[PDB]
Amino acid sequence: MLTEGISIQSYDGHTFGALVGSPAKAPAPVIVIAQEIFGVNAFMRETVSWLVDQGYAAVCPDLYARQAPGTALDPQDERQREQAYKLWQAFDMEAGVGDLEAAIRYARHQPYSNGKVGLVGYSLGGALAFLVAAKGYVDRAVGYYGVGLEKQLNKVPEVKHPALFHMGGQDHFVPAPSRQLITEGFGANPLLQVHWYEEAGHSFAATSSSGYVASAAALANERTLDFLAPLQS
């Protein structure tokens, strides 16, 4: 689901929709949310709601619009999960970073914007959060269980604004050797924080996922809100 009428343009000219939530009290800092592999679906709608209820505005861009605009897949449906994995395998990560850069610029000057913008991404979006943090487009970035971060460690010195990552200790997209690489590599830059939730795997913050872990989602979410609070006016 997206907000009708909302359109954002990327540097290369491509335009895409987004799901937007404005809080009752504005102006407010705006959080661009970077999707998982299912498009802008119920969990993204829930993430927009959570942030708006905490007093932020939120913009979740349709990152799959270069492939199939308006994709919103149900993770409980096997056929739609297969579609999600196909779209993820074809996903242009660089174009994704560029579309998020465009959404961040957009978020700086909407009616409800206070001019500060943060980014929170999940899974595919968590990997994109790190890439965006290396570019320096946002004030603060957060990534929940980003995949493949152990392959982007050459970018650690490029991060010049804070970025926070929540990783599951039982997430097998990040096995022990990968966790060691990430832990050692991110350890070199104090602007990066990475927490490991030992009893959680992938998707632990999504209440409808079989991987949901209430205690880890709650600790991570509170850390995320404390990390974003300085963006408030």
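The first residue of the sequence shown is number 1, and the count goes up from there.
- Checked against the record, the higher mean CA B factor of 43-51 and 184-192 lies with 184-192.
- The mean C-alpha temperature factor is higher for 98-106 when 118-126 and 98-106 are set side by side.
- If you compare the C-alpha temperature factors of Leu63, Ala176, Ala57, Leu164 in the entry, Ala176 comes out highest.
- Ranked within its chain, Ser7 lands in the middle third, by CA B factor from the PDB record.
- Sorting the modelled residues of the chain by their CA temperature factor places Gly148 in the highest third.
- Remark: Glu82 belongs to the lowest third of its chain, ranked by C-alpha B-factor as recorded.
- Among the modelled residues of its chain, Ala133 has a C-alpha B-factor that falls in the middle third according to the deposited record.
- When the modelled residues of the chain are ordered by their C-alpha B factor, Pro29 lands in the lowest third.
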